[PDB]
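The structure appears below as structure tokens.
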Amino acid sequence: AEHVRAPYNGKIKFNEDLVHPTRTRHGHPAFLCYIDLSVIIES
Amino acid sequence: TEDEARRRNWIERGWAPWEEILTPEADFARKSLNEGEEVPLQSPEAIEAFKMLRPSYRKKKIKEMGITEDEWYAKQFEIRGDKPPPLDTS
Amino acid sequence: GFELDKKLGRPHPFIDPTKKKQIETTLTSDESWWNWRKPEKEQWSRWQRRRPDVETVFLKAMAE
Amino acid sequence: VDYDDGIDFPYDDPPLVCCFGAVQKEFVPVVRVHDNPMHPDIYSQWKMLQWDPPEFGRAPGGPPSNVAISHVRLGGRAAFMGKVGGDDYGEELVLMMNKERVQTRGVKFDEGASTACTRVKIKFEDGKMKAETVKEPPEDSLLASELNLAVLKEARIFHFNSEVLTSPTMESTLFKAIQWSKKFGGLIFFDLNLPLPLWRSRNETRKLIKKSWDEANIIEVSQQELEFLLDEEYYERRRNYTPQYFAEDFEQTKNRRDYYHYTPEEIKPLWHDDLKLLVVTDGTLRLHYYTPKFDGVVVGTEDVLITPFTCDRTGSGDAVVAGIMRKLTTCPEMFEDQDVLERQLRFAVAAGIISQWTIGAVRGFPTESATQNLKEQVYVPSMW
Amino acid sequence: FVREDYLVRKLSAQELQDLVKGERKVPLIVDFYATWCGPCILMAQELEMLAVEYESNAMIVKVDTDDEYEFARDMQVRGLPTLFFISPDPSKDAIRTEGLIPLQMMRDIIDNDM
């Protein structure tokens, strides 16, 4: 398992309608991604 | 069987299905763990519970329903299940 | 000022103050999940103080 | 009274404080009866009463010299006013105060007196052995003509204990010194530290301490001292109360230790017009403060179990009082700002905490750097 | 067969009264202490050493203030540790010392005042 870490301080910008809500093995709400999602950090 | 065991619990052990007023987190935990460990939630109740995790969404929903927040909180404490027949005190 | 101190290596901010923008407004803990909410009260950490070292003392002396 | 003394000077920083009374080694004055004694001979068990102390001895105070030494170690300037004999022990005490950089220019020597020695005669009144004082010790025999008016002029806080009230000579000298100090603009700090005789009865002690109580701008008492002075049985009953059927709130269900904060209406009998700050200390755990404008409590802590073999609570109250004076002399806004007052009282809490980690009062007094480090370690950064 | 580890004896108020009333040949040193008092441990060790030094030329006793609180208050005890040096001559007056005084100070008092 590889962890993507934020490379800058900023504001996360992505559309939540392209991802499917799930529940992590740690009990947290999360979004499952099956596409080539693009996430914007406004640093 | 699971019809006489419930009756025996009620009679001999005081069981009753009292309403559990849950927070959005506990409600989401109950509704979402019924599907799987890490799966795309499909049951509409689980999707709604996921949406209710943010109180802003709940405020927008209740604004759409045109009711204030106070009695929506009071709406939580409603007795679920069937109601007993009314009393005819003769 | 800038664009010359950066060229020559003279002391200058890493980010130009003029070419700098704020980070707008983020979630207010009312449109956020429970696991991403800032705790109401500050939490004791045992890492709340910055570790002393030689570099900090020498940098403060050189700034003086 | 009539004129001034010496030569006026701008005076160096930090502002000087004066500690008035007897200079003694150790000698905790507050003594009561405890119901959990250890072995009468095996003193290696007596450390168990240092981590499970009697409530009156949770943060014991001592002689004013302890407060002076602690105040100097915390970065302040202090002077001691009192008398010692001209023998070896008096010179040893003065040397101890000098090595701690406490000003001993206010110390008066008596060549004909034995330091810390009292002449008594033993009598057998009504079938019980008793004693009466023949010649008071030199620490109780400071005269108003032996005062040091330069010290009383420079000092910004005048500190004394109720042990001087057990001696008439020291009582008269104390009141003359208070007059001189108030003339020059100093503040009067009454640190009660009731000795063994003054726990006999409430009304007698109230009458004995009323004048000095009314002559004080700052007063520090322990929880036990305050409750003895107001009503011991009422608060004892209040602590023992338990609801019969259900608690009135969720927090009452936890059976936590009682940290009752006295209302200013309850403090009203002991309040007067010149009182700027009253501090009630439940050891280092709680610091209840009362001002004419506001009141509150500073939550503290303690851990003597972190070092079970070196912990000793002697001198902790002296460290708390010294920290209070250290922050008062350099932060005048404490008397008027509540947030600043609590932030500065956390410093005294830390100073009292460190002082419990060492055997010996003088030996274990913390420095300003260590106290500030512990304060920043214990509290979250927003409470600094 | 096994020697006792402590030579300083603990006495009651009544026993101390009887000791003071009776004929005394050597100086009597009375110690007031409490087990909850931190300084009393060092005083206890110092008085054990003093008792070792003065084998039969002095009498060292101790009174617990948690058992004789009223007796201690009557004897003009204002704190702990407190020592009373009682001379064998009834005409002379006893000496009360307050604080953790040095062992040499105790020796001087016993030699030149009792």
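We name chains A, B, ... following the order of the structure tokens; residues begin at 1 in each chain, and ligands are numbered from 1 as shown.
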
If you take only C-alpha atoms and a cut-off of 7 Å, which residues of chain A touch chain B, and what are their nearest atom pairs and distances in Å to one decimal, in chain and number order, as a Markdown table?
```
| residue | atom | partner | partner_atom | distance |
| --- | --- | --- | --- | --- |
| A:20 | CA | B:40 | CA | 5.8 |
| A:21 | CA | B:40 | CA | 6.0 |
| A:22 | CA | B:40 | CA | 5.1 |
| A:23 | CA | B:38 | CA | 5.5 |
| A:24 | CA | B:38 | CA | 5.5 |
| A:25 | CA | B:37 | CA | 6.2 |
| A:32 | CA | B:40 | CA | 6.7 |
```

Legend entry - chain C residues near chain B (6 Å cut-off, only C-alpha atoms) as a list in words: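 Putting it all together, I get residues 30, 31, 32 and 33 of chain C.
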
Inset, instruction - Could you please determine the separation between atom CA of residue E:4 and atom CA of residue D:45 in Å, to one decimal place? - result: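 Separation of atom CA of residue E:4 and atom CA of residue D:45: 17.6 Å.
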
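Residues of chain C that DSSP, applied to the backbone, places in alpha helix (DSSP H): residues 5, 6, 7, 8, 54, 55, 56, 57, 58, 59, 60, 61, 62 and 63 of chain C.
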
Legend entry - Within 12 Å of residue C:15 using only C-alpha atoms, minus same-chain residues under 5 positions, as number ranges by chain: A: 43; C: 2-3, 6, 20-21

Give me a file of those residues, with N, CA, C and O atoms, as a PDB file, in the first residue's frame.
```
ATOM      1  N   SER A  43      -2.107  26.295  -3.594  1.00  0.00           N
ATOM      2  CA  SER A  43      -1.050  26.585  -2.636  1.00  0.00           C
ATOM      3  C   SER A  43      -0.863  28.095  -2.505  1.00  0.00           C
ATOM      4  O   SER A  43      -1.617  28.896  -3.064  1.00  0.00           O
TER       5      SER A  43
ATOM      6  N   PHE C   2      13.628  41.927  -4.889  1.00  0.00           N
ATOM      7  CA  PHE C   2      13.494  40.564  -5.370  1.00  0.00           C
ATOM      8  C   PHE C   2      13.946  40.473  -6.827  1.00  0.00           C
ATOM      9  O   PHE C   2      14.183  41.479  -7.502  1.00  0.00           O
ATOM     10  N   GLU C   3      14.104  39.231  -7.293  1.00  0.00           N
ATOM     11  CA  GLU C   3      14.520  38.906  -8.654  1.00  0.00           C
ATOM     12  C   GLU C   3      15.968  39.322  -8.896  1.00  0.00           C
ATOM     13  O   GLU C   3      16.518  39.077  -9.974  1.00  0.00           O
ATOM     14  N   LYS C   6      17.413  37.043  -5.263  1.00  0.00           N
ATOM     15  CA  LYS C   6      17.285  35.633  -5.605  1.00  0.00           C
ATOM     16  C   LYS C   6      18.345  35.217  -6.617  1.00  0.00           C
ATOM     17  O   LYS C   6      18.858  34.093  -6.561  1.00  0.00           O
ATOM     18  N   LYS C  20       2.247  36.531  -3.990  1.00  0.00           N
ATOM     19  CA  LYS C  20       1.766  35.626  -2.957  1.00  0.00           C
ATOM     20  C   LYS C  20       0.273  35.832  -2.767  1.00  0.00           C
ATOM     21  O   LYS C  20      -0.212  36.968  -2.766  1.00  0.00           O
ATOM     22  N   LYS C  21      -0.455  34.729  -2.621  1.00  0.00           N
ATOM     23  CA  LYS C  21      -1.895  34.764  -2.430  1.00  0.00           C
ATOM     24  C   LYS C  21      -2.273  33.926  -1.218  1.00  0.00           C
ATOM     25  O   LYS C  21      -1.585  32.963  -0.870  1.00  0.00           O
TER      26      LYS C  21
END
```

Inset, instruction - For atom CA of residue D:243 and atom CA of residue D:225, quote the distance in Å rounded to one decimal. - result: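 Atom-to-atom, atom CA of residue D:243 to atom CA of residue D:225, that is 27.4 Å.
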
Legend entry - 7 Å contact set for stretch 49-53 of chain D, only C-alpha atoms, chain neighbours under 2 positions out, as number ranges by chain: D: 46-47, 55, 57-58, 304-305, 311-313; E: 36

Give the residues of chain D that lie within 9 Å of chain C; count only C-alpha atoms, and format the answer as a tab-separated table (two decimals) with N, CA and C atoms, in the first residue's frame.
```
chain	number	residue	atom	x	y	z
D	376	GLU	N	5.94	25.40	30.33
D	376	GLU	CA	5.65	25.21	28.92
D	376	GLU	C	5.46	23.74	28.57
D	377	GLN	N	6.08	22.84	29.33
D	377	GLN	CA	5.89	21.41	29.07
D	377	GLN	C	4.53	20.92	29.56
D	378	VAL	N	4.09	21.38	30.73
D	378	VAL	CA	2.87	20.87	31.32
D	378	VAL	C	1.64	21.40	30.60
D	379	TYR	N	1.59	22.71	30.36
D	379	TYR	CA	0.41	23.33	29.78
D	379	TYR	C	0.50	23.34	28.26
D	380	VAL	N	-0.66	23.45	27.62
D	380	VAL	CA	-0.74	23.59	26.17
D	380	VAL	C	-0.31	25.01	25.82
D	381	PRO	N	0.21	25.25	24.61
D	381	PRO	CA	0.77	26.57	24.30
D	381	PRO	C	-0.23	27.72	24.40
D	382	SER	N	-1.53	27.46	24.30
D	382	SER	CA	-2.50	28.55	24.40
D	382	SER	C	-2.70	29.03	25.83
```

Inset, instruction - Tell me which protein, DNA and RNA residues are within 12 Å of residue E:72, counting only C-alpha atoms, leaving out same-chain ones fewer than 3 positions away, and put them as a PyMOL selection string. - result: (chain D and resi 31-33+128-131+196-197) or (chain E and resi 12-13+16+30-34+62-69+75-84)

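Take atom CA of residue D:77 and atom CA of residue D:16: the distance between them is 5.0 Å.
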
Legend entry - Among the residues E:23, E:55, E:48, E:111, the one that comes closest to chain D [using only C-alpha atoms]: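 Looking only at the distances to chain D, the closest residue turns out to be E:48.
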
Inset, instruction - Would you mind writing down, as a PyMOL selection string, each residue of chain A that DSSP on the backbone assigns to strand (DSSP E)? - result: chain A and resi 11-13+20-23+29-32+40-42

Between chain A and chain C, at 8 Å or less, what are the per-residue closest atom pairs and their distances in Å? Count only C-alpha atoms, order by chain and rising residue number, and return it as a tab-separated table.
```
residue	atom	partner	partner_atom	distance
A:10	CA	C:23	CA	6.1
A:11	CA	C:23	CA	6.4
A:28	CA	C:35	CA	6.9
A:29	CA	C:33	CA	7.4
A:42	CA	C:23	CA	6.6
A:43	CA	C:23	CA	6.5
```

Inset, instruction - Write out as a count of residues only every residue belonging to chain D that has an atom at most 9 Å from any atom of chain E, counting only C-alpha atoms. - result: 60
